[PDB]
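Chemist: This is the structure I want to talk about, given as structure tokens.
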Amino acid sequence: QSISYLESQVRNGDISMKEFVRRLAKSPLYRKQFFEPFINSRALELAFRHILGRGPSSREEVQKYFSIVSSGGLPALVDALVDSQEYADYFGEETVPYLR
Amino acid sequence: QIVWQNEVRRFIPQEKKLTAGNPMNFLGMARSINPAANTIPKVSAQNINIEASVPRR
Amino acid sequence: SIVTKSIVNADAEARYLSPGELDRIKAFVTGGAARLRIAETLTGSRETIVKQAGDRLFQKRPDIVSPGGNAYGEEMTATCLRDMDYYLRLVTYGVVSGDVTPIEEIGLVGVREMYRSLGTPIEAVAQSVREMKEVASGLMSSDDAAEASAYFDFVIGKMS
Amino acid sequence: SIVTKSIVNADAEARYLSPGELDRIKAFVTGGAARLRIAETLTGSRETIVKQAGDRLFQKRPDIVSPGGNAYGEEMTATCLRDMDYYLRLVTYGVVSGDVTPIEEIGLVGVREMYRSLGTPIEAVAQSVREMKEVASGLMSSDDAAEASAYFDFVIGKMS
Amino acid sequence: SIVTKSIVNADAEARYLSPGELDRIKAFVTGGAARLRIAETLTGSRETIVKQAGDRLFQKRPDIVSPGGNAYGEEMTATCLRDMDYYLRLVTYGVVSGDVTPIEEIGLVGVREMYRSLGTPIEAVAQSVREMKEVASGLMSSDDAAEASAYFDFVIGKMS
Amino acid sequence: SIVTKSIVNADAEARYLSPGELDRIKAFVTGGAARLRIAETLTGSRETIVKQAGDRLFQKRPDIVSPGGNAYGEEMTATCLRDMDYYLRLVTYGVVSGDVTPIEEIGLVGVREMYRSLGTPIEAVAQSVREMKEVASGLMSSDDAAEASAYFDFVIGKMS
Amino acid sequence: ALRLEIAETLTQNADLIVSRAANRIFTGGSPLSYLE
Amino acid sequence: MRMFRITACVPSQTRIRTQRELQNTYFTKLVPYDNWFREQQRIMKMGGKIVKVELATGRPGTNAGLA
Amino acid sequence: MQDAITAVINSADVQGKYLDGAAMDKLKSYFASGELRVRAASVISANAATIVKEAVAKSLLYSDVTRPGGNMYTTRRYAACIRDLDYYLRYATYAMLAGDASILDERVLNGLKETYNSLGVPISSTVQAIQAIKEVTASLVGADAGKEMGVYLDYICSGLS
Amino acid sequence: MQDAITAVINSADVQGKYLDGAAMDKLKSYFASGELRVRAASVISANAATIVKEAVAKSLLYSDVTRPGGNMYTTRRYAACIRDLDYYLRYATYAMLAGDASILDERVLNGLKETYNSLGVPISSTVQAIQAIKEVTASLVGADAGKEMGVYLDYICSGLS
Amino acid sequence: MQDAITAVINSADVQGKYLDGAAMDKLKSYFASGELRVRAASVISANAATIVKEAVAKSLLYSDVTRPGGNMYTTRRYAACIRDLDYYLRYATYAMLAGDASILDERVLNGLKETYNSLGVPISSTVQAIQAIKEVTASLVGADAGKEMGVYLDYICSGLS
Amino acid sequence: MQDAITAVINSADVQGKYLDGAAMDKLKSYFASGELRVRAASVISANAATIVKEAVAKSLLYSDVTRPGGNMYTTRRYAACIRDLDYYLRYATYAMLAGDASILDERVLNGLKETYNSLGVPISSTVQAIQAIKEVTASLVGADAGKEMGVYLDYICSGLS
Amino acid sequence: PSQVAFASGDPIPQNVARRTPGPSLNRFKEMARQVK
Ligand SMILES: *[C@@H](C)[C@H]1/C(=C/c2[nH]c(/C=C3N=C(/C=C4\NC(=O)C(CC)=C4C)C(C)=C\3CCC(=O)O)c(CCC(=O)O)c2C)NC(=O)[C@@H]1C
Ligand SMILES: *[C@@H](C)[C@H]1/C(=C/c2[nH]c(/C=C3N=C(/C=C4\NC(=O)C(CC)=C4C)C(C)=C\3CCC(=O)O)c(CCC(=O)O)c2C)NC(=O)[C@@H]1C
Ligand SMILES: *[C@@H](C)[C@H]1/C(=C/c2[nH]c(/C=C3N=C(/C=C4\NC(=O)C(CC)=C4C)C(C)=C\3CCC(=O)O)c(CCC(=O)O)c2C)NC(=O)[C@@H]1C
Ligand SMILES: *[C@H](C)[C@H]1/C(=C/c2[nH]c(/C=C3N=C(/C=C4\NC(=O)C(CC)=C4C)C(C)=C\3CCC(=O)O)c(CCC(=O)O)c2C)NC(=O)[C@@H]1C
Ligand SMILES: *[C@H](C)[C@H]1/C(=C/c2[nH]c(/C=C3N=C(/C=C4\NC(=O)C(CC)=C4C)C(C)=C\3CCC(=O)O)c(CCC(=O)O)c2C)NC(=O)[C@@H]1C
Ligand SMILES: *[C@H](C)[C@H]1/C(=C/c2[nH]c(/C=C3N=C(/C=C4\NC(=O)C(CC)=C4C)C(C)=C\3CCC(=O)O)c(CCC(=O)O)c2C)NC(=O)[C@@H]1C
Ligand SMILES: *[C@H](C)[C@H]1/C(=C/c2[nH]c(/C=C3N=C(/C=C4\NC(=O)C(CC)=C4C)C(C)=C\3CCC(=O)O)c(CCC(=O)O)c2C)NC(=O)[C@@H]1C
Ligand SMILES: *[C@H](C)[C@H]1/C(=C/c2[nH]c(/C=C3N=C(/C=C4\NC(=O)C(CC)=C4C)C(C)=C\3CCC(=O)O)c(CCC(=O)O)c2C)NC(=O)[C@@H]1C
Ligand SMILES: *[C@H](C)[C@H]1/C(=C/c2[nH]c(/C=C3N=C(/C=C4\NC(=O)C(CC)=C4C)C(C)=C\3CCC(=O)O)c(CCC(=O)O)c2C)NC(=O)[C@@H]1C
Ligand SMILES: *[C@H](C)[C@H]1/C(=C/c2[nH]c(/C=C3N=C(/C=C4\NC(=O)C(CC)=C4C)C(C)=C\3CCC(=O)O)c(CCC(=O)O)c2C)NC(=O)[C@@H]1C
């Protein structure tokens with residue numbers, strides 16, 4: 001199971017690893033394997049370790065990201081996760097996320 | 001020598017194949033030992049006397 | 001098995017294993033080879049005991065296969081022999097385990113309610129199991145059959 | 001199905017289903033009798049298609065039944081015809097569903113790794129499904145043949 | 001459009017179109033003659049529908065033309081009728097395209113910010129396009145009104 | 001290349017080379033003479049590998065040289081034994097490099113869709129490299145051919 | 001095996017090594033009076 | 001889906017404190033339209049410079065047929 | 001998730017058999033009810049907000065819960081309660097369109113009781129709110145599809161309890 | 001992307017006018033050719049791998065590109081090349097179903113010329129491969145659907161060149 | 001719970017078949033290993049308290065756990081820890097006799113991690129205690145019996161961790 | 001994780017003393033076995049598809065697990081079981097070359113019980129698969145290396161049971 | 001060959017000492033010395 005289109009876009013580098021993570025997380029494959037079998041709260045708890053490499057840190061953080069995933073769903077949750085100060089601070093643009 | 005034409009002709013569906021606990025495995029066994037049924041013992045209750053034919057000991 | 005029964009009893013009294021139960025596990029461990037031989041003979045000949053005991057059951061109780069009976073019919077006699085094969089397999093399990101708790105757990109708890117729902121005469125099933133132990137005693141050697149008939153005996157005591 | 005696809009997409013976007021998907025759902029609902037008819041036609045001819053297509057595969061490519069082949073052996077050929085029955089059942093599932101999601105979720109994910117392990121040639125499996133397509137299209141009416149062969153070529157395209 | 005959303009789903013899942021969605025595009029193509037007939041009668045009645053709906057809007061809510069409302073004056077009422085004409089054009093566009101995607105990508109998302117910066121009551125313009133859908137359902141035939149009313153009600157829901 | 005994997009892993013871990021990894025590079029440099037010895041023995045006996053693997057293949061699996069296969073006449077077999085020479089060259093590259101990294105660089109991955117587009121049996125290519133393996137083990141000393149078979153079996157495992 | 005025999009050497013004479021180091025460093029008395 | 005071809009350099013302001021590995025702060029990126037406003041705001045708040053940006057994807061001024 | 005089609009397909013598949021008429025009639029019944037489900041879903045998607053509005057007005061407003069000390073006192077908690085009822089209505093519409101309550105215990109109910117117990121949310125009050133949603137959408141849609149909607153709403157309530 | 005109906009709807013929206021006959025003639029043409037496009041797409045998806053293998057057999061095999069030192073020599077490179085070829089086939093199928101080549105000149109030809117110039121891929125050889133694909137599709141699906149495919153395929157050729 | 005014999009019997013009953021050759025081989029292996037298990041159980045039942053005594057003296061006495069503020073400071077905490085060690089040693093003896101760790105799942109490890117997490121018990125300190133139990137038990141009981149006891153006590157440690 | 005060397009150094013560091021009398025014996029036994037353990041790792045890593053092939057063919061194929069109604073029915077589940085057996089073989093190789101089962105404790109047995117109980121994977125059938133793995137490795141690598149792999153494979157089996 | 005068996009062979013028992021009273025009981029050690 002793979003997306004060779006996104007793999008080729010990483011391979012020539014027109015999108016970097018950040019856009020690869022964003023598109024792969026809003027892809028239907030991740031939507032089937034980690035968004036369909038869960039509630040929205042458990043889905044965002046898993047999306048934190050899949051994108052940011054860590055767990056949710058505070059009640060207000062869980063509150064904010066639950067409001068985001070309730071307002072706009074999985075693409076809004078993924079976009080809010082990747083377009084954050086923490087993601088750009090830790091993994092930049094080309095580094096694969098890692099379990100912190 | 002193994003031959004595949006008779007195997008293709010003898011192919012059976014797996015859902016039609018018999019498993020362990022199916023009593024149809026013993027259907028041919030019950031064909032083999034045919035049980036001896038009883039001829040019908042025609043009885044009439046009106047020809048039975050209750051007081052005498054009941055055992056007394 | 002006897003090991004599980006001894007462990008359950010020792011846990012119930014919150015103690016380690018008594019040396020009497022250690023001796024019973026030791027003796028079962030040493031004598032398990034005869035039980036394995038008995039179970040091997042039974043699973044090798046397992047159609048023969050069911051065949052002869054079903055024949056003897058249909059001789060001694062032809063009301064079973066008479067019309068209006070529980071096992072009247074080809075498929076019903078097939079299910080009868082299926083139940084006989086089930087109880088034979090359970091007897092092999094009990095002979096291997098050395099204790100009758102697997103037989104009790106699989107096929108002796110709720111058997112009365114099951115066969116009452118099915119309309120099946122429980123004493124006639126007990127007669128079939130007794131005839132199975134007769135055929136197995138004829139098939140096996142004397143001491144091995146005398147040891148293996150006690151699991152049949154427990155089945156007879158629970159069902160009849 | 002398309003109902004599952006539309007509900008899953010609307011759930012991922014966190015929105016109700018638009019009428020632009022609701023008309024698609026009701027069109028799929030109304031156009032169901034043809035797919036149902038193709039489904040009972042295929043499950044009526046479920047045996048003979050498998051028999052003829054297996055015969056055609058083992059006459060076209062005798063390397064499958066050659067010594068040293070993957071299906072050398074009577075039980076191996078029996079399991080090969082069973083796999084043909086499996087994929088015909090999945091084709092009937094996709095026909096009666098109106099979607100490729102049952103075939104994808106049951107017998108298309110991990111097939112390459114599975115037959116890479118088992119040594120079975122994936123192009124010969126694709127040839128088997130193609131031969132089932134030709135036998136079914138010969139057996140049934142031409143528009144229904146195209147409708148069933150649509151899912152059939154989806155299966156052989158995911159195979160190769 | 002529904003065709004471009006089908007191919008967006010297709011290259012999102014990174015494969016060719018499914019047979020179910022191909023037959024779905026066939027159903028859309030066959031129904032497109034009826035949608036185009038609805039387009040002809042709506043663009044023929046593009047004046048009388050919006051004029052009667054505007055008259056009904058001012059009759060329901062006189063506070064719009066009263067002092068304190070947003071649309072006070074002849075040019076303000078002309079721009080209100082121009083907005084209703086644009087939204088009627090958008091509903092005809094959606095009936096042509098088969099989905100609510102052109103309404104969404106022209107004049108339906110951001111309408112909260114639009115009428116917040118304008119000061120226009122969003123429930124009042126929702127009531128205005130509701131009178132548009134009532135006069136449209138009055139002027140259409142039953143099947144055509146049932147087809148257009150789903151897109152109209154999507155406009156009601158996203159502009160309420 | 002062991003030093004390639006050294007630089008890649010040390011850059012991923014983001015520190016200098018550990019003393020154990022430096023001892024690994026010592027071991028690889030000292031074994032470089034032996035692996036180039038194996039390399040020049042293989043490129044000395046390259047052609048007999050190709051011919052004996054080819055005709056042993058054509059006697060063990062004659063389907064492809066038969067009609068219905070991919071090997072027709074002379075030019076198809078010429079391209080096939082050219083592929084055999086190519087894979088033998090890649091085996092010598094892996095031997096002289098000490099790792100299968102240049103085998104994956106030129107050819108070890110993409111071969112399945114390569115031979116699926118070409119219609120070529122991947123398992124027959126794997127078996128081809130198999131008789132390459134034991135013909136090389138026959139001609140060259142087996143205790144020193146363990147090193148060459150350590151890449152040969154990885155090649156046949158990837159093409160299996 | 002080489003690292004093991006180096007360890008066997010160094011653990012055997014560890015008191016000697018720390019005694020020589022302590023006598024090198026400290027003056028004015030015996031540093032080895034209260035070894036732990 | 002309309003997108004942007006951007007090219008930018010964003011230095012890390014916390015790499016000295018955090019003692020992490022280094023990345024090339026200059027990159028050529030393909031970014032979607034819906035995420036480009038938030039991405040650009042992230043770049044300018046991080047302190048990086050966007051030195052090139054073009055609408056390489058879509059036509060400018062398309063009213064319908066966006067995604 | 002599973003709709004009725006995937007439900008009967010997996011029910012045939014777990015026993016490994018093909019489609020028989022005792023399974024084909026299920027798909028025929030689903031295709032009989034499909035246009036009713038589509039029209040009810042269109043009505044509910046058009047009137048999604050006002051169902052929640054009159055449901056909260058019928059059940060939760062002017063009660064103990066909106067008063068100081070109640071669970072939906074602050075505007076954040078009120079908006080969270082409206083968001084929860086929007087979740088319940090949308091997923092019940094999904095279950096009504098699918099004809100099978102798989103998405104309810106697969107995306108709503110599997111942990112929501114524990115979450116509400118940890119938050120202190122009154123489960124009985126949410127059950128009464130969902131019942132108010134059921135009465136409002138039964139008056140709004142009709143009895144025939146309102147019963148099918150209420151089946152999945154009671155499924156949500158039973159999972160919450 | 002932008003198909004035929006959204007293209008004419010955008011052309012109407014730029015002038016701010018309702019759809020008239022000057023676009024509805026093309027709309028009727030699209031709805032007349034729609035089932036032809038769908039059946040041709042079904043045939044192309046049926047024979048998608050075979051079109052690629054006959055195209056590489058008739059245009060790309062036994063050439064200097066698949067000789068060593070060429071631009072198709074290594075196995076990863078050949079896999080990438082056939083990946084590009086059935087990418088072009090599938091996106092041409094997308095444009096053929098759409099009725100416009102917005103998808104082709106956007107989500108394929110965004111930077112394809114520049115990345116092929118940076119890699120060293122022969123543009124003329126890829127054009128010959130696309131012409132081979134066009135000949136195979138024209139010989140496989142028909143005359144009118146073949147030339148409808150050929151319009152988008154030499155549009156791809158003009159984008160590459 | 002179940003032993004190795006009842007595990008074989010339950011597997012054969014779930015399969016629905018009689019005891020085949022591999023089942024007889026596994027039974028013969030257990031009957032071969034039974035005597036060492038019995039004598040090991042006798043040794044452990046002899047030295048039940050003393051193994052716990054030297055294990056806790058080996059790992060936990062004169063440490064931060066028994067110092068003030070640690071979780072074994074008070075006498076009731078010491079008695080509860082000795083009670084836990086007695087439970088672990090007795091159930092490991094039971095698992096050694098049965099030849100299966102199923103009783104550890106049924107009786108011990110089913111909720112003990114949540115129990116210790118609610119209690120505040122340092123599971124690292126309990127893991128070191130059970131490692132000391134392993135060492136003292138393998139000192140007294142032999143080599144192969146030491147391996148079996150070590151496997152089951154490491155299973156208890158893995159369930160804790 | 002930790003290995004035998006780290007376990008020795010940690011034990012000596014907890015004692016505060018050097019490697020006096022038995023730590024040296026454990027280390028020299030480890031380094032004596034190490035080169036043959038590396039050779040066994042080379043053989044297993046080279047042949048790793050064949051071990052899982054003969055294991056699935058010996059133990060799990062042609063069974064209720066693979067037939068419909070079983071836990072290995074669908075191809076996704078079959079490929080997942082193949083990947084799990086590859087995981088077991090690879091982490092058994094890891095533990096066999098480390099000389100300690102701490103890698104199995106921290107990366108295998110930490111969540112294996114809970115993922116299998118949540119998924120529904122048959123514990124007894126997984127144990128039989130790992131037994132087929134250990135006899136196939138004993139046949140393919142040797143008796144001594146087979147036992148050295150089989151002690152960690154039986155540790156994984158005990159973690160399953 | 002048979003020197004593969006590190007884990008599968010006979011285990012080497014370690015010499016693990018009982019824990020002693022530490023330097024937090026230096027006052028009580030001095031107290032016990034004056035008790036004698
Ligand atoms: C003979 C026993 C087997 C076999 C071989 C066979 N191969 C081809 C054609 C080609 N094979 C390749 C593959 C490669 N070229 C490379 O440079 C590399 C890596 C070094 C590989 C893996 C290619 C590109 C071709 C096309 C010809 C060309 O090189 O231009 C054929 C011919 C098929 C045809 O239709 O012409 C054959 C017969 N086929 C078998 O069945 C045996 C397994
Ligand atoms: C003709 C189809 C080819 C052939 C077949 C072949 N298959 C097997 C073995 C198995 N195949 C499967 C596959 C499936 N089971 C499923 O439930 C599904 C999805 C619906 C699939 C795809 C399985 C499970 C087996 C194992 C048998 C079992 O039930 O346990 C074999 C046997 C190989 C062996 O080593 O035993 C064969 C021969 N082989 C060919 O060459 C034909 C191309
Ligand atoms: C044969 C082994 C048996 C079988 C297995 C089976 N496994 C899965 C899926 C999973 N297995 C794991 C386990 C691990 N993941 C890890 O990373 C590690 C340590 C390295 C382990 C031990 C997990 C997490 C899954 C789920 C997701 C995944 O695929 O990784 C399945 C599939 C379950 C399903 O229904 O999809 C199966 C079937 N089943 C049997 O019956 C054999 C006895
Ligand atoms: C030192 C010889 C002279 C010099 C250096 C200097 N560099 C920066 C800023 C950065 N330099 C880098 C370097 C790299 N990017 C990469 O991708 C790699 C390879 C892995 C390297 C080495 C980076 C990333 C930065 C940004 C800071 C960061 O840590 O992210 C500065 C700071 C400029 C400022 O005002 O902040 C300096 C001073 N300039 C000199 O004058 C020295 C003579
Ligand atoms: C309004 C005065 C005139 C004007 C505006 C207009 N802007 C856009 C779209 C965008 N503008 C920006 C630029 C910014 N990025 C930032 O971070 C900031 C704040 C510092 C700004 C101002 C961006 C990124 C967009 C794209 C929106 C997005 O990325 O989501 C549009 C829309 C263009 C379109 O729809 O294609 C418009 C209309 N143009 C005018 O005509 C007004 C006079
Ligand atoms: C008065 C300035 C305007 C207005 C008021 C109005 N409010 C309501 C009803 C409610 N308002 C709230 C809001 C709050 N609850 C809180 O705890 C807080 C913050 C401390 C707020 C802001 C609530 C909960 C209700 C419901 C009543 C209840 O207690 O349950 C109404 C009634 C509407 C109805 O349908 O019942 C009205 C009329 N209306 C105006 O016109 C003024 C602009
Ligand atoms: C409204 C009927 C009643 C009620 C609601 C209420 N809910 C919350 C907050 C949360 N609700 C959820 C529930 C879900 N998570 C999911 O993923 C799904 C399905 C997809 C549901 C239904 C969650 C996780 C929260 C917490 C999120 C957050 O705190 O922001 C609150 C707020 C509690 C608080 O402490 O702020 C309330 C009040 N309570 C009532 O009294 C009404 C009867
Ligand atoms: C094959 C027709 C010719 C060939 C080409 C060739 N292609 C690559 C690899 C790449 N192919 C693409 C193309 C795309 N990726 C996408 O996502 C899309 C949109 C759907 C397209 C069109 C790209 C970007 C690459 C770059 C790297 C990658 O694999 O993604 C190569 C390999 C270059 C290399 O070795 O690094 C080659 C050689 N060459 C020929 O001779 C054939 C005529
Ligand atoms: C002295 C009057 C008698 C005596 C004592 C003795 N005690 C120990 C060891 C321990 N005693 C305790 C008890 C307590 N710890 C507490 O915190 C409290 C309450 C405040 C009590 C009652 C503990 C925990 C130990 C273990 C040592 C430790 O702290 O870790 C010993 C040592 C035995 C050994 O094996 O080391 C002795 C000798 N013995 C006598 O005969 C006197 C009568
Ligand atoms: C001893 C190794 C370490 C440790 C132990 C400790 N445990 C408790 C308290 C409890 N432990 C249990 C656990 C069990 N439940 C069961 O069913 C079984 C057998 C299968 C066990 C072992 C329970 C229930 C308790 C609670 C008993 C109670 O309520 O008192 C304590 C006491 C803590 C306290 O009383 O507050 C202690 C100290 N902790 C350590 O530090 C030792 C290293």
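Following the order of the structure tokens, first chain is A, next is B, and so on, with residues numbered from 1 inside each chain and ligands from 1 in the order they appear.
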Which residues form the shell of 9 Å around ligand 4 when you count only C-alpha atoms and all ligand atoms, given as number ranges by chain?
Modeler: H: 10-16, 19-26
Chemist: For segment 7-20 of chain G, list every protein, DNA or RNA residue within 8 Å, evaluated using only C-alpha atoms, and leave out those in the same chain fewer than 2 positions away; present the list as an NGL selection string.
Modeler: (:G and (3-5 or 22-24 or 31-32)) or (:L and (18-20 or 24))
Chemist: Store the residues picked out above in a file with C-alpha atoms, as a short mmCIF file (atom, residue, chain, number, x, y, z; two decimals), in the first residue's frame.
Modeler:
data_model
loop_
_atom_site.label_atom_id
_atom_site.label_comp_id
_atom_site.auth_asym_id
_atom_site.auth_seq_id
_atom_site.Cartn_x
_atom_site.Cartn_y
_atom_site.Cartn_z
CA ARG G 3 39.05 -6.74 25.90
CA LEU G 4 38.32 -9.44 28.49
CA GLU G 5 41.98 -10.12 29.24
CA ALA G 22 47.22 8.75 45.01
CA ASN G 23 50.90 8.71 46.00
CA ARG G 24 51.66 10.79 42.90
CA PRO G 31 46.59 8.58 51.03
CA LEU G 32 46.05 4.80 51.29
CA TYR L 18 34.57 -4.69 39.46
CA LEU L 19 33.94 -7.77 37.28
CA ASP L 20 35.41 -10.18 39.80
CA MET L 24 34.17 -12.50 33.35
#
Chemist: Excluding segment 147-159 of chain F and residues on its chain fewer than 3 positions from it, collect all residues at most 8 Å away from it, counting only C-alpha atoms, and give them as a count of residues only.
Modeler: 23
Chemist: Taking only C-alpha atoms and all ligand atoms into account, list the residues no farther than 6 Å from ligand 1, as a count of residues only.
Modeler: 20
Chemist: Least-squares fit chain C onto chain D by Cα, in order, and just send back the RMSD.
Modeler: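 Across all paired C-alpha atoms, the RMSD is 0.8 Å.
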Chemist: Just want the residues within 8 Å of ligand 7, written as an MDAnalysis selection string, counting only C-alpha atoms and all ligand atoms.
Modeler: (chainID A and resid 39:43 59:60 62:64 66:67 70) or (chainID I and resid 60 65:66 70:73 76:85 87:88 107:109 112 115:116 119:127 129:130)
Chemist: Using only C-alpha atoms and all ligand atoms, find each residue of chain A with at least one atom at most 12 Å away from an atom of ligand 3; report its shortest atom-to-atom pair and that distance in Å (one decimal), sort the rows by chain and rising residue number, and return the result as a tab-separated table.
Modeler:
residue	atom	partner	partner_atom_place_in_ligand_line	distance
A:1	CA	ligand 3	29 (O)	11.6
A:33	CA	ligand 3	27 (C)	9.1
A:34	CA	ligand 3	27 (C)	10.7
A:37	CA	ligand 3	36 (O)	11.6
Chemist: Take the residues from that selection and write them out as an mmCIF file, in the first residue's frame, keeping N, CA and C atoms.
Modeler:
data_model
loop_
_atom_site.group_PDB
_atom_site.id
_atom_site.type_symbol
_atom_site.label_atom_id
_atom_site.label_comp_id
_atom_site.auth_asym_id
_atom_site.auth_seq_id
_atom_site.Cartn_x
_atom_site.Cartn_y
_atom_site.Cartn_z
ATOM 1 N N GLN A 1 0.846 -1.185 0.000
ATOM 2 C CA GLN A 1 0.000 0.000 0.000
ATOM 3 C C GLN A 1 0.884 1.238 0.000
ATOM 4 N N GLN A 33 -7.193 4.071 7.810
ATOM 5 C CA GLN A 33 -6.491 3.294 8.823
ATOM 6 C C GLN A 33 -6.408 3.968 10.186
ATOM 7 N N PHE A 34 -6.535 5.295 10.266
ATOM 8 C CA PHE A 34 -6.389 5.964 11.553
ATOM 9 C C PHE A 34 -7.415 7.064 11.796
ATOM 10 N N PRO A 37 -11.397 4.159 12.038
ATOM 11 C CA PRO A 37 -11.689 3.264 13.171
ATOM 12 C C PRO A 37 -11.740 3.926 14.542
#
Chemist: Output the neighbourhood of ligand 5 as a JSON list (two decimals) with N, CA, C and O atoms, in the first residue's frame, that is, all protein and nucleic acid residues with some atom at most 7 Å from the ligand, counting only C-alpha atoms and all ligand atoms.
Modeler:
[["chain", "number", "residue", "atom", "x", "y", "z"],
["H", 33, "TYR", "N", -3.24, 26.50, -2.29],
["H", 33, "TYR", "CA", -3.81, 27.82, -2.09],
["H", 33, "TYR", "C", -4.45, 27.96, -0.71],
["H", 33, "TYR", "O", -4.31, 29.01, -0.06],
["H", 34, "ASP", "N", -5.18, 26.93, -0.27],
["H", 34, "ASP", "CA", -5.90, 27.02, 1.00],
["H", 34, "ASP", "C", -4.94, 27.05, 2.18],
["H", 34, "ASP", "O", -5.25, 27.65, 3.22],
["H", 35, "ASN", "N", -3.79, 26.41, 2.05],
["H", 35, "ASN", "CA", -2.79, 26.40, 3.10],
["H", 35, "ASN", "C", -1.72, 27.47, 2.94],
["H", 35, "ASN", "O", -0.90, 27.64, 3.85],
["H", 36, "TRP", "N", -1.72, 28.20, 1.82],
["H", 36, "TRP", "CA", -0.61, 29.11, 1.53],
["H", 36, "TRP", "C", -0.65, 30.36, 2.41],
["H", 36, "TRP", "O", 0.40, 30.89, 2.77],
["H", 37, "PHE", "N", -1.85, 30.83, 2.79],
["H", 37, "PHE", "CA", -1.94, 31.99, 3.68],
["H", 37, "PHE", "C", -1.35, 31.67, 5.06],
["H", 37, "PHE", "O", -0.55, 32.44, 5.60],
["H", 38, "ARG", "N", -1.72, 30.51, 5.61],
["H", 38, "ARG", "CA", -1.19, 30.09, 6.90],
["H", 38, "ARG", "C", 0.29, 29.77, 6.82],
["H", 38, "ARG", "O", 1.06, 30.09, 7.74],
["H", 40, "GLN", "N", 2.48, 31.13, 4.66],
["H", 40, "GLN", "CA", 3.18, 32.40, 4.51],
["H", 40, "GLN", "C", 3.24, 33.14, 5.84],
["H", 40, "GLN", "O", 4.28, 33.72, 6.18],
["H", 41, "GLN", "N", 2.15, 33.12, 6.61],
["H", 41, "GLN", "CA", 2.14, 33.74, 7.93],
["H", 41, "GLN", "C", 3.12, 33.03, 8.87],
["H", 41, "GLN", "O", 3.80, 33.69, 9.67],
["H", 60, "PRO", "N", -4.52, 32.48, -13.35],
["H", 60, "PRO", "CA", -4.94, 33.60, -12.51],
["H", 60, "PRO", "C", -6.31, 34.13, -12.92],
["H", 60, "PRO", "O", -6.60, 34.27, -14.11],
["H", 61, "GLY", "N", -7.14, 34.41, -11.93],
["H", 61, "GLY", "CA", -8.46, 34.95, -12.19],
["H", 61, "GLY", "C", -9.53, 33.93, -12.53],
["H", 61, "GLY", "O", -10.59, 34.33, -13.03],
["H", 62, "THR", "N", -9.29, 32.64, -12.30],
["H", 62, "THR", "CA", -10.33, 31.65, -12.53],
["H", 62, "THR", "C", -11.42, 31.77, -11.47],
["H", 62, "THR", "O", -11.17, 31.68, -10.27]]
